[PDB]
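These notes concern the structure reproduced below.
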Amino acid sequence: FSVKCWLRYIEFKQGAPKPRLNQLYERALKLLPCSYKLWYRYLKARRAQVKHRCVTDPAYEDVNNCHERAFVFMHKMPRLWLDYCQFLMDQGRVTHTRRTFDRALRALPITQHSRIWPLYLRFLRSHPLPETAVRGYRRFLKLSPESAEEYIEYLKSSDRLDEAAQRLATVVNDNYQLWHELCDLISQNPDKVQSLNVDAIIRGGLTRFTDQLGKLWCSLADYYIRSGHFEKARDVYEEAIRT
Amino acid sequence: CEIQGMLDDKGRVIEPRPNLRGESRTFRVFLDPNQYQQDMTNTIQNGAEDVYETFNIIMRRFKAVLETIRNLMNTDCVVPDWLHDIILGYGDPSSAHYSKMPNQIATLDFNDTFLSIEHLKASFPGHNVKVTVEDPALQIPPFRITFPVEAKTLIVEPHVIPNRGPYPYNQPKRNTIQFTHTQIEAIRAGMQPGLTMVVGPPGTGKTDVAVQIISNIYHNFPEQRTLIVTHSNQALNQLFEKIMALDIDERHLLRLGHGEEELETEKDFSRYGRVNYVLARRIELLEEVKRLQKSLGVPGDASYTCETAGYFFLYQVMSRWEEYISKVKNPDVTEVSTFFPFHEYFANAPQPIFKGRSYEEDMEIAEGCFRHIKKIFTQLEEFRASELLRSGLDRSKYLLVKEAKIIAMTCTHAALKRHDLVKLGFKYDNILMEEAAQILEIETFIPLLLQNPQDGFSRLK
């Protein structure tokens, strides 16, 4: 029951490393997980050894090593799962994202939040389904008022204004308000010049957050150079003179 | 005056009235929502004389409609583009149907109406039934039935409703009444985008058609909502009695009323009784997830609630399940039986679910048991709202707006309480309704304002 002999059987295991990993997981989950560093360095050296071969059986044995090293749960099996996440981020197949996120959020800590949310970011690239779907599920998932804020600020960078406004709605329903203002300005860039979106974003932002005439006069110049000349503009500019 | 009762020894209206001393009666009543609203309008705006307080006598054997008209008119009134025209008659009236809305279901779930594929081969008398595979010992499924837009083949392919675990109790509910051919066409013209009025002669089962529509819409849309609206309570009571034999979880059923009504079917769909029954079901889910935790074999002396139950499910059951996944889809009939730590969990269940002979059958069993524990955690996701809602009526509204996809409502009742429904979750993606001629044009168009447009477009499908 010496961790010495355990690491020795692991690092002397030759031939196919599959009996290596199976007997390793067996003994390691049999006795205590004090060999943590041994199995970790072993997994890294094995990546050096086999990373040129098929990613099927070696990466599977490594994931097994990490999940079995996780006796119950611990602060380094999410770590090795994050090593596999960063390693297979160059995936070519999103099953890597699915399984790695499962393994890493096998707990509910601050860990793998900033591993999944930027993973949704690199999911949003040319397919907005995972972006907006993870946005919805995370807004209605493990509670944190900052995650949905980050979701609005993430959909702010991709061309789906509905996802930004959706996270904004979720957070305002239940910095975040200022970030909603930033995303409102981002979708209020002068592209939809029908003169509706920027004005309504001004009203919503200046409703959830209070600026003393600053953003008010910003929206004033916007809507008054976007206003008309008839009764509509007469009344709009009069109302702005009065308010 | 919709009277609740007369004066008693303690001055309260009746609900065994008390010792009726004397020949006076002083009774309180409440006729409708806008009962003290027309006199309010007359006393406030027109400054005219009193109607409800100038009383002379009482005799035995509206403004809610006018308020609904005012609201619907002064809102955007954006109706469905396929039904506003069919309501004002302008536009070819064969248009509101399925054959004139472009997005027909490519292949829908025609499951319930058919329980024998030979029965379906008869009930499709004018289409070439293209059934995929040719074993009649293999074809009586909830088949996929594509009718194309050659161009008249009923493309029926087999399907297998996935497992739910080891237990033979949840044998998924399929229909029993082999509704007519044009009746299945009614179900389909309802479940595909458009409008549909079923001409149901006496005894033909218009309510059977409605139950079929509920089932088929719960199949082909797990998420969109169903407003089942009536003229009198008979429709909702009978359709609930009938759907009590279908594949609906009682976290997906709810209703509205006009005030006081006594439960006409077997089990309560009502507000407080439903919150209580779902509290009991939440206890069921909690004890289930907890005995599953003891099956996982961890230590701990106190018990948890919905939030910790969901997080713990995703933390322990999902982790072990990913282990079994990377052992099974990386995989012998030995490991499809052994490598599942659900032996202690299904150790309160029939004999081992991985039959140890057919690896794929053992796989179906194992994934069905894991997905059953995931449905325990999923009813825990649903009981999140039961544990977040403070009051009985509050949890009624929360569970009807959040998860209850099937809300049965009365005509004048929903015309009276639509505004509250709009504000707290009126979700009308599909309407199924009964007692058609038993309503009016007013009681058919006043529901048309249960919501506000969605970026310039209505919620109706």
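Throughout, read-outs are computed from the coordinates displayed, never taken from laboratory work. We place every Cβ from the backbone using ideal geometry, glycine too, and count neighbours over all the protein chains shown.
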Self-check item: Ranking of B:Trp82, B:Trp321, A:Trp217, A:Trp117 by count of other Cβ atoms within 10 Å, fewest first
Solution: A:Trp217, A:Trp117, B:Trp82, B:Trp321
Quiz item: Kirkwood hydrodynamic radius (Cα pairs, Å) of the range B:231-386?
Solution: 18.0
Quiz item: Which percentage, to the nearest 5, of the DSSP beta bridges contained in the protein assembly as shown is antiparallel?
Solution: 30
Quiz item: Ranked by Cβ crowding within 10 angstrom, fewest neighbours first, how are B:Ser123, B:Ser94, A:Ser195 ordered?
Solution: B:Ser94, A:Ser195, B:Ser123
Exercise. Could you calculate the FRET efficiency of A:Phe140 with A:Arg160 from 1/(1 + (r/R0)^6), where r is the beta carbon distance between them and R0 is 25 Å, rounded to 0.05?
Key: 0.90
Quiz item: Given R₀ = 60 Å, FRET efficiency for B:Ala245-B:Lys100 by Cβ-Cβ distance, to 0.05?
Solution: 0.95
Quiz item: How many nm is it between the label spots at B:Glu441 and B:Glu23, if each spot is 7 Å from the Cα in line with the beta carbon?
Solution: 5.1
Quiz item: Dividing the alpha-carbon radius of gyration of the range A:83-168 by 2.2 N^0.38 Å (N being the number of residues), what value is obtained?
Solution: 1.04
Quiz prompt | chain A - Rg and Dmax from Cα coordinates, angstrom | solution = 26.5, 90
Practice problem: Run through the DSSP bridge list for chain B and note the antiparallel percent, rounded to the nearest 5. | Solution: 30
Quiz item: Which ordering of B:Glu250, A:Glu181 is given by a fewest-first count of other beta-carbon atoms within 10 Å?
Solution: B:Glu250, A:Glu181
Exercise. Using the structure shown, select from B:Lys173/B:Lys461; B:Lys152/B:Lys206; A:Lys192/B:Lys402; B:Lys375/B:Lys405; B:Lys63/B:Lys206; B:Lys130/B:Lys461 the pairs with a Cα to Cα distance greater than 23 angstrom.
Key: B:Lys173/B:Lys461; B:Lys152/B:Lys206; A:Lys192/B:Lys402; B:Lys63/B:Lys206; B:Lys130/B:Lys461
Practice problem: Mind giving me the nanometre distance, one decimal, between the label points for A:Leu216 and B:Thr41, set 7 Å out from Cα along Cα→Cβ? | Solution: 3.8
Practice problem: For each pair in A:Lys30/B:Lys327; B:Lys397/B:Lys417; A:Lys18/A:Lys51; A:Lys4/A:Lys44; B:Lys267/B:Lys374, compute the distance between the two Cα atoms and list the pairs where it is over 23 Å. | Solution: B:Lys267/B:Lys374
Quiz item: Mean projection of the alpha-carbon convex hull of the range B:53-144 over all orientations, in nm²?
Solution: 14.0
Quiz item: Which value results when the Cα radius of gyration for chain B is divided by 2.2 N^0.38 Å?
Solution: 1.19
Practice problem: Return the FRET efficiency for the residue pair B:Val133, B:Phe457: r is the Cβ-Cβ distance, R0 is 51 Å, and the value is rounded to the nearest 0.05. | Solution: 0.75
Self-check item: Residue-count net charge about A:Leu161 - beta-carbon cut-off 14 Å; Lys, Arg +1, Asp, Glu -1
Solution: -3
Practice problem: Working from the alpha-carbon coordinates of the protein assembly as shown, get Rg over Rh, Rh being the Kirkwood radius. | Solution: 1.02
